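Trainee: got an experimental structure here, sequence first:
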There are 2 protein chains.
Amino acid sequence: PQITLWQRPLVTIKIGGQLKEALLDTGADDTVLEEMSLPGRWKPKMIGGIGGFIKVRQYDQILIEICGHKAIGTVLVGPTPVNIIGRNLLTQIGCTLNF
Amino acid sequence: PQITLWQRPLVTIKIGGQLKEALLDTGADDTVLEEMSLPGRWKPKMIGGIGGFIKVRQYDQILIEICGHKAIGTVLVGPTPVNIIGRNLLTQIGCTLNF
Ligand SMILES: CC(C)CN(C[C@@H](O)[C@H](Cc1cc(F)cc(F)c1)NC(=O)O[C@H]1[C@H]2CO[C@H]3OC[C@@H]1[C@H]3C2)S(=O)(=O)c1ccc2nc(NC3CC3)sc2c1
């Protein structure tokens, strides 16, 4: 699809057998999802944003389907206020910025 | 231009007579710039992100040239770690997401 930016670019994702909505975020290097139940091993990590830092759990090689496109990569799980799809996955679905 | 997302989508902007670099950010509702000297009158505001909140000064009807495109609108100024061009200005330069 082509997505204009008059509203938030929200998309439906499927991850770990659950359905969620997430923001396509070109300003995010990594993908960060709200607290959710994800199978497998994870490694502790701290990431920084506009207001300071949060601790997250890093899961690698996680399959996500983003608006019908499959991708595999790293997902961070923690107290983000919104689910964010970052550039590590945006590149895999072929997403580009155009103006 | 068409911008792919293997690197941060950084762009050169001119605002308040100064040249800066800023991140094209589809996950940002509003435009937030690092501390900088802007001429107008401002209004205190508080915005939320990944790690909490920061206090910013809001300036309205500020002219910004973004990769050669002119836009006018609200700019928030404060302790963000990165200059962020948000959707209030991305829509004015015709920016879309495509995949
Ligand atoms: C969290 C998003 C949902 C919102 N944000 C934009 C994201 O694009 C940030 C951009 C950013 C990049 C940085 F490098 C550093 C930063 F400080 C900020 N991305 C990020 O936090 O990424 C982080 C983490 C994610 O992976 C890596 O990539 C970068 C790092 C890192 C770990 S925002 O900044 O908080 C924002 C902007 C405008 C705005 N307008 C408002 N208006 C009111 C509602 C009416 S609310 C509001 C909120």
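Mentor: Good, I have the coordinates. Numbers count the residues shown, from 1 in each chain, chains lettered A, B, ... in the order given.

Trainee: pretty sure residue A:76 sits against residue A:47.
Mentor: Yes: between residue A:76 and residue A:47 there is a contact under CB atoms under 8 Å: 6.4 Å. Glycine gets a C-beta too; all of them are placed from N, C-alpha and C.

Trainee: so what's in contact with those two at the same time?
Mentor: A:30, A:32, A:56 (CB atoms under 8 Å, 6 or more residues apart in numbering or on different chains).

Trainee: looking at residue A:76 and residue A:47, which is more packed in?
Mentor: residue A:76 (23 against 18; other CB atoms under 10 Å in any protein chain shown).

Trainee: doesn't the more buried one lie inside a helix?
Mentor: No: applying DSSP: H, G, I helix; E, B strand; the rest coil, one finds residue A:76 to be strand, outside a helix.

Trainee: what's across from residue A:55 in the sheet?
Mentor: residue A:46 (DSSP bridges).

Trainee: kindly report the same for the one 4 residues further on.
Mentor: Each beta-bridge partner of residue A:59 is listed here, defined by DSSP bridges: residue A:75.

Trainee: please name the residues that touch it.
Mentor: A:38, A:40, A:41, A:42, A:74, A:75, A:76, A:77.

Trainee: run the last query once more with 6 Å
Mentor: Residue A:59 makes contacts with A:38, A:42, A:75, as judged by CB atoms under 6 Å, 6 or more residues apart in numbering or on different chains.

Trainee: may I have stretch A:83-99 as PDB, with CA atoms only?
Mentor: Coordinates of each C-alpha in stretch A:83-99 appear next as PDB, following Å, rounded to 0.1, in the frame of the first residue of the first chain:
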ATOM      1  CA  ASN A  83       3.700  -0.700  19.600                       C
ATOM      2  CA  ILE A  84       6.300   0.500  17.200                       C
ATOM      3  CA  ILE A  85       7.600  -1.200  14.000                       C
ATOM      4  CA  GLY A  86      11.100   0.000  13.500                       C
ATOM      5  CA  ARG A  87      13.500   0.100  10.600                       C
ATOM      6  CA  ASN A  88      15.000  -3.400  11.300                       C
ATOM      7  CA  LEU A  89      11.600  -4.800  10.100                       C
ATOM      8  CA  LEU A  90      10.500  -1.900   7.800                       C
ATOM      9  CA  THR A  91      13.400  -2.700   5.500                       C
ATOM     10  CA  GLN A  92      12.300  -6.400   5.300                       C
ATOM     11  CA  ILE A  93       8.800  -5.500   4.000                       C
ATOM     12  CA  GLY A  94      10.200  -3.100   1.500                       C
ATOM     13  CA  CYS A  95       8.900   0.100   3.100                       C
ATOM     14  CA  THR A  96      10.100   3.400   1.700                       C
ATOM     15  CA  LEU A  97       9.500   7.100   2.300                       C
ATOM     16  CA  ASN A  98       8.500   9.200  -0.700                       C
ATOM     17  CA  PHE A  99       8.000  12.900  -1.300                       C
END
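
Trainee: what's in contact with it?
Mentor: A:20, A:22-25, A:28-34, A:66, A:69, A:71, A:73, B:2-6, B:9, B:24, B:27, B:93-96, B:98-99.

Trainee: same check, this time on stretch A:65-78
Mentor: A:11, A:13-14, A:30-33, A:38, A:54, A:56-64, A:88-89, A:92-93.

Trainee: if anything else comes up later, I'll come back, but that's it for now.
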